[PDB]
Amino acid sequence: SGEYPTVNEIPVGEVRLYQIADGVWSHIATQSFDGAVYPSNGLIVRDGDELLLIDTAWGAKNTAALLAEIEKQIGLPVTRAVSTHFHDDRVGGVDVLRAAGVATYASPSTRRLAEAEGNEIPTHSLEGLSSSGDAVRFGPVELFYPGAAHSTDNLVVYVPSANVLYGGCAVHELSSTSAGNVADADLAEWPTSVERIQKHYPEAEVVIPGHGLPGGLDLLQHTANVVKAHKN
């Protein structure tokens, strides 16, 4: 009833949307992994009379449910999707998207990693993002490569019309107590990558993590704090 959704308020196998700003929503879904249940976020950005999707809903059935939820709540077609790194919470569901008319994109680094690990593979490569600090425009968003953090390929997304910073899994929520799933992370570089985000997007008003609650700019510093203490 208007609070940011959590695993306790999303019915089994469903997806919820949350209005972030004019023409900006997050999507929230839950998934099981290694015997525990986790939420995850993605983004939806209005692109004229179409929608840009950032990240899948962590699995094929969740991503089908996402599309249905968008049709119900928004009613504009999703025409393009970007996955912000190679893990299943970002790309699992790309095959569903691709069979629903959505053109799927990711960096060449994400595509290589997804292929190597047996995850679903976005169709199109996003050039111009291979060097730390790189940024490109993609419809109504800017895509930014901050450097290695949660993964070596992680991208962040900025919505300049609304000053919304979608950090993806490079950014953690304020309640976090450790740096999440660090299997593919660079803990030593991650603070430097977060500093790059803070320097590039100082006017961000909303910051959305890859998992958990949105907040303000403090999510960035909090992230650096939890990563440095996880590494220690």
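From 1 onward, residues are counted along the sequence shown.
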Q: Using only the Cα atoms and their B-factors as the entry lists them, report which of 25 to 33 and 183 to 191 averages higher.
A: 183 to 191
**Q.** Higher-scoring stretch by recorded Cα B factor average, 59 to 67 or 171 to 179
**A.** 171 to 179
Q) In the PDB entry, which of 89, 134, 153, 115 has its C-alpha at the highest B-factor? A) 115
**Q.** Most elevated Cα B-factor in the entry, residues 213, 17, 20, 217
**A.** 217
Q | Record-listed C-alpha B factor of residue 159: chain third | A | lowest
Q | Where the record places residue 224 (Cα B-factor, split into thirds across the chain) | A | middle
Q | Record-listed C-alpha B factor of residue 101: chain third | A | highest
Q) In terms of the CA temperature factor given in the entry, to which third of its chain does residue 75 belong: lowest, middle or highest? A) highest
